[PDB]
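Engineer: pasting the first chains of the complex, positions unchanged:
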Amino acid sequence: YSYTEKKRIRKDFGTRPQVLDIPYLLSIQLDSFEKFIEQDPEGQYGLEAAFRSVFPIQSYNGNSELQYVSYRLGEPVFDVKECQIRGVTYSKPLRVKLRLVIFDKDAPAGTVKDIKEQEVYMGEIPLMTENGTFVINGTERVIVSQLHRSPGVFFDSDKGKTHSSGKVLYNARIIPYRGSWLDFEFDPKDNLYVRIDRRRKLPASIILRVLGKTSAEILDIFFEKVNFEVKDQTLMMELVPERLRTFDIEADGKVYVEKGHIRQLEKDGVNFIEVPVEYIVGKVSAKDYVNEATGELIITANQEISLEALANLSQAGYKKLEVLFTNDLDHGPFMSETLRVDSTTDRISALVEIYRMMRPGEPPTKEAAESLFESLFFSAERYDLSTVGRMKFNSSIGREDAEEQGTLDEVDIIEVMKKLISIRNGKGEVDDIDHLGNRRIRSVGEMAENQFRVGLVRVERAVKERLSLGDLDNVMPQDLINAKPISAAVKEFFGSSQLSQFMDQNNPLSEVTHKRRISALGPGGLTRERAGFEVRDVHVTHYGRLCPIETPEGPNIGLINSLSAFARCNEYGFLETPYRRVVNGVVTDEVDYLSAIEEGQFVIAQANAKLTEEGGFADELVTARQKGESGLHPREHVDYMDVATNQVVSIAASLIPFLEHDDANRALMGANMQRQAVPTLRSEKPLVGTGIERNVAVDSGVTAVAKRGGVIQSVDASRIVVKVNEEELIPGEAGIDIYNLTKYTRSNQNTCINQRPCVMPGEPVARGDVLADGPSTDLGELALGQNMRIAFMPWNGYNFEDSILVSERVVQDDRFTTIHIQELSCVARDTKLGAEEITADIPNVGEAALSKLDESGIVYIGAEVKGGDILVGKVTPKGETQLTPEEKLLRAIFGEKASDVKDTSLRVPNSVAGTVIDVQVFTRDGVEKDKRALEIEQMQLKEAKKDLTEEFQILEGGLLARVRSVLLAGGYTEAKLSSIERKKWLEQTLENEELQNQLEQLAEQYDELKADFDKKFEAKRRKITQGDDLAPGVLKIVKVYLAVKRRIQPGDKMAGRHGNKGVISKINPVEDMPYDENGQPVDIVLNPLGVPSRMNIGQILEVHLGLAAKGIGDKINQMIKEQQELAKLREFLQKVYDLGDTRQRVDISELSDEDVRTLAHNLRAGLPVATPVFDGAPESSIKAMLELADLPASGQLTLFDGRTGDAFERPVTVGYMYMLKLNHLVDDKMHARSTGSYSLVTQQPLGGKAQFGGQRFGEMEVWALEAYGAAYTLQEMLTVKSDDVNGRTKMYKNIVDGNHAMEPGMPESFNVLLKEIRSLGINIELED
């Protein structure tokens, strides 16, 4: 046990040992970016692959060309925190070494005349943060992996839903990574046709003529030949035994049936069969036949032989006739009929047809047609069947060679055609398009590589154009490359792509799920309107790869999925899952990763399968699955086993206790809504958990984890300093590990990100131990909500439907109080009239509103501000404004007039109250800094100097401690050394050479220390004091951060982990709440009626288990309170941890007295229990735990009404539930508008709370009003509330005058529509 785990050991109710621990959750991102960004000698992945695919490039004439040598990544300008502060992208320079080599025109081609080496800048490459995120424009973003179709050839059918009859049409479709798409389909007339990028159908023969195939060659490829001869003036047929198995049969020794089995008479074997002449009449020729004397073609290929043809070939002297084979079941005439319907007769007639169907309405020429067909499929530049695509094609068509090729060839097309005809004939099956072996995962690295290749090509066109000019003596490689296109491509992908999504940062679980999400949408993917039932469905190959539960509930159902717990991506992008090998009947611990294709043949057992002590199966017949179907199979036939019970579900589904007792519909809701939880002030562990929380907390990166072991030298709420152990020190290292903790940083969803130390100074820590807890983390465990006392009963209709009744106590102790940090920006710009200034001299504002402002006009830090308060004072120059004559008289009477500038200042939004916790001022270079700017500037320098000095002090302390140990290897007295003053050590004079040399070495080391510290300080000072690159026309920016404590209130949405959501209806007083015999009131009263209909029974089991766990907690609390002996504490803890026949062996005897006391102290507030999914705690264990805690085994207590004191007639289920506060707050959902802004064109109210807009009265609302008959209300909504400008103004005036009447007019939208219809040359008018 690790120290952090040893502090609080969670009781495990699981029964099945775990062989493979869950891997790092964010591998799918880090591995992909490492593939993209690291240098690979084989040049198959990442930047090297793009460079080698693009370079070398050649001038069209051939004078010179540019070559690629190597690439490197420079040092980032800023760090991640700095990039977030300023608002820049965290990236590294791309510096690529290239050779411009110029040949000699006079010399033979290939002679090197001159070479030029130079390094060129190719743009900035965004970097992946250690947690798998990107910092783009100061924002954390996540790039979602994509599920697409692998390149290659797929065979499909229409399932008999196109033609009038059944007639299931068959098609074959080849799609490359890049290039054109090729389709070979069947028609209702059984002739195979071709499409090239989905255009009008053409006969198939063209695609072979172009490959140089004559008709006879085509029938040779697509047909089997049967031969006939003239032997002894008789017809002779080349008998094959398999073919025969309606006429008279020759070979009189073994005559078969005549015009009325086969194997018995074919056992002997003969070769001579005689056939009637009619047997040739209905059969087609196969070889073109020429007569020397005539010089003409007697019979052509694909022509039906007739009696007259028999006569011609009899007189011509030809005796051997080879003809085609045609059946109705096994072989077909499809190719012959397609040749018959073909109109092209030669290669050129084929390319002209391809050119007409390529470019309709264009004169066809031979050279253009040849170039077009070469570029369509046989050109490397425009066609690239990738390595995955080539493997899929080779596996589909059964080809073994040409693994490196990426361009099609004759063999490929002829094999695709052969497989299509075979699948028609009956041998072969179509492909499952939703099969996970046919779908590929494309991650961040692949997409970045593709976009970088696009940028390279866009640069490369211009490079090739320039090189052809010829004047190249004074040029350099850096004068040929423009980095702007490549930069534009990479920022396009990283900032504007659909799959580059804004980070979800409510809690660690949201981040982890976002990083492990796969989308079928995006570029090269699906569309919501074009997605059907089949793609949204749960396939049998999703087992262990995609979670069947976690998916958005809405239009995106089934199109966005989550990675499974143990899922992985192979080198080709196909999802694979681990399995345990079964060898010689034993279930080994060796693990093999299997993909969808490999999984089908083997039969795989389940983690639920019983096992013996020897390691083999116990039940003779075990439940397994093979080829996608489940069933019962013998023990000896079993090849593989599942590694864990949570293999099929995602992390969020793995965090739901008692998941096996919940319906999948509610499990979906629970998994989705665990990601919307908001961190609270105090993080509380889940009493009933699954044992997964530690993995999520550690792998999310929100916590501070120890890089090396040692003892905690120093602890403070913002800094943890660890003295590294001696065994884990790099030679010549300081020995200090410093962890600076994030304190109150705004998240992407305006939620607090705070790290709280969980260590004490002097305690030992090891590698992987949690030093500080991030948001929603408790001692290294994920803590999304709070443990609430729950009573399942109706209470006076306040829990009607899904409503929740909450006690006031929950509000008092702030169990669901959250901190929200909000950013407010004031931008002082430059206008035509003048430059806007940030000053406190705000016209028409008294000193009451200027109290919180400083001299520079910026609010102080720590000021309590409410709605409407001024944060930053800004005045904008204004031009001359005309005054109405009444206003002129008013100014004449009272002479006050001060309107040189107008008040456009940043103010606190309404209904927002908080404190100012940070103010940041950005000033353009060349603009004077106001006093507040220099105040923050000097504060930043003071902070940086103090912290740099602190790190220097600790590292020097550690280094001098190591040096002291090295000296103590010999041993002297340090009192004599301390007698001389520390600086005076440099003033010592030594005459012996041995001591003098050491003195010089020490002086040099001191100088080097000074130099390195100086360089660090100069770098930081330059970074801090430099100007900010702002938007053109912008002079200053001021950013203010507001912290709001939001408390629970009616309208807030609270939910559990079982899909049980609700809205708080009442904050009940404590006296009114139900209470038990000991006077303890409940905290939340839930409606029981929700449970039976929604089949979420896991919540009841969680309630009972939480009751038992809390009861054990009170037992430990009492046993500590009475200062009872430690031995009985140990006995009680051992009894608790030995409950049930579990896999957990916790020995309290091996724990020290201090460790036992700490464990008991962490267990006072309840005993955490782990119930793994599908390996959870049975009812018997729950009842035993309840019996241990001196609680009823039924889990139901006697509750008394607080209002009356009378006991409820029936026992009520009371326990503890883990409840969450979702990010759906009534504070952010109220909105009301009387009159506000209006649209520019439609003159209608804006939309949204941010715009202070109005609600939409849609078509159905108008329908309802018409059904009621409220004509005047409908007219009010249409005219005087939306777009009748004069009408709405007079309506407001009438309401102010207390008249309550309206003069409706014409809506502006109708006038706009009339103007549009007039603009279309259509006269629309109104008559009287």
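Structural biologist: Yep, that arrived. Residues are numbered from 1 along each chain as shown, chains lettered A, B, ... in the order given.
Engineer: all helices for the stretch 701-850 of chain A, in order.
Structural biologist: A:808-812 (DSSP state H, counting those that start in this stretch).
Engineer: what about residue A:644, neighbour count?
Structural biologist: When neighbours are counted by other Cβ atoms under 10 Å, residue A:644 registers 23. C-beta coordinates here come from the backbone N, C-alpha and C atoms, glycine included.
Engineer: sec struct for it, please.
Structural biologist: coil (DSSP: H, G, I helix; E, B strand; the rest coil).
Engineer: wait, doesn't it sit right on residue A:564?
Structural biologist: No - taking contacts as Cβ atoms under 8 Å, residue A:644 lies outside contact range of residue A:564: 10.3 Å.
Engineer: Distance from the longest helix seen in chain A to the middle of the chain?
Structural biologist: Longest helix of chain A, by residue count under DSSP state H: helix A:931-968. Averaging C-alpha positions (Cα atoms, centre = their mean, to the nearest Å) puts helix A:931-968 40 Å from its chain's average.
Engineer: Mind giving me the packing neighbours of it?
Structural biologist: Contacts defined by 3 or more Cβ pairs under 8 Å, 6 or more residues apart in numbering; DSSP states H and E place helix A:931-968 against strand A:719-724, strand A:736-740, strand A:914-923, helix A:993-1025.
Engineer: could you say what helices and strands the helix or strand just after the last one packs with?
Structural biologist: For helix A:993-1025, the succeeding helix or strand toward the C-terminus, using DSSP states H and E, is strand A:1034-1046. For strand A:1034-1046, the contact count by 3+ Cβ pairs under 8 Å, 6+ apart identifies strand A:818-829, strand A:870-872, strand A:914-923 as packing neighbours.
Engineer: Strand A:1034-1046: partners in the sheet, and parallel or antiparallel?
Structural biologist: Strand A:1034-1046 has the following strand partners under DSSP bridges: strand A:818-829 (antiparallel), strand A:914-923 (antiparallel).
Engineer: could you also fit chain B onto it:
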Amino acid sequence: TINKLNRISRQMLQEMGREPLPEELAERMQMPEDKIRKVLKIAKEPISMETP
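Structural biologist: One more piece, chain B, placed on the ones above:
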């Protein structure tokens, strides 16, 4: 003026490895900084009102 500014900006970006700041471009282009900024702001193409 905009085209020559773009050409010099690309040359400087290739030469030092980062976007050239307005003072540096002004020194290279033999014009005051204010003129360079005036050229910079007025080189924009108005956005569409149907951008998703």
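Engineer: so, what packs on strand A:1034-1046 revisited with chain B in the model?
Structural biologist: With contacts taken as 3 or more Cβ pairs under 8 Å, 6 or more residues apart in numbering or on different chains; DSSP states H and E, strand A:1034-1046 sits against strand A:818-829, strand A:870-872, strand A:914-923.
Engineer: ok, and the closest non-adjacent residue to the residue of the stretch 101-250 of chain A found nearest chain B?
Structural biologist: Sorted by distance to chain B under Cβ to the nearest Cβ, the residues of the stretch 101-250 of chain A start with residue A:121, at 5.0 Å. Nearest non-adjacent residue to residue A:121, counting by Cβ to Cβ, 6 or more residues apart in numbering or on different chains: residue B:17, 5.0 Å away.
Engineer: Which residues are in contact with residue 12?
Structural biologist: In the absence of a named chain, this looks at chain A. Residue A:12 sits next to A:691, A:1142, A:1143, A:1144, A:1170, A:1172 when contact means Cβ atoms under 8 Å, 6 or more residues apart in numbering or on different chains.
Engineer: actually it's chain B I care about, not the one you picked
Structural biologist: So residue B:12 contacts B:20, B:24, B:25, B:28 (Cβ under 8 Å, 6+ apart).
Engineer: now these in CSV, with distance to residue A:750?
Structural biologist: CSV is the format used below for the contacts of residue B:12 (distance: Cβ to Cβ, whole Å):
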residue, distance to residue A:750
B:20, 37
B:24, 39
B:25, 39
B:28, 44
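Engineer: Looking at these, which are in helices?
Structural biologist: B:24, B:25, B:28.
Engineer: tell me the contacts of the residue lying closest to the second one once chain neighbours are set aside?
Structural biologist: Take residue B:25 and drop its neighbours on the chain: the residue closest to it by Cβ to Cβ, 6+ apart is residue B:36, 5.7 Å away. By Cβ under 8 Å, 6+ apart, the residues touching residue B:36 are B:5, B:22, B:25, B:26, B:29.
Engineer: now, which of these sits nearest residue A:1185?
Structural biologist: residue B:22 (71.9 Å; Cβ to Cβ).
Engineer: shouldn't that closest one be in contact with residue B:33?
Structural biologist: Yes - the pair residue B:22 and residue B:33 passes the contact test of Cβ under 8 Å, sitting 5.6 Å apart.
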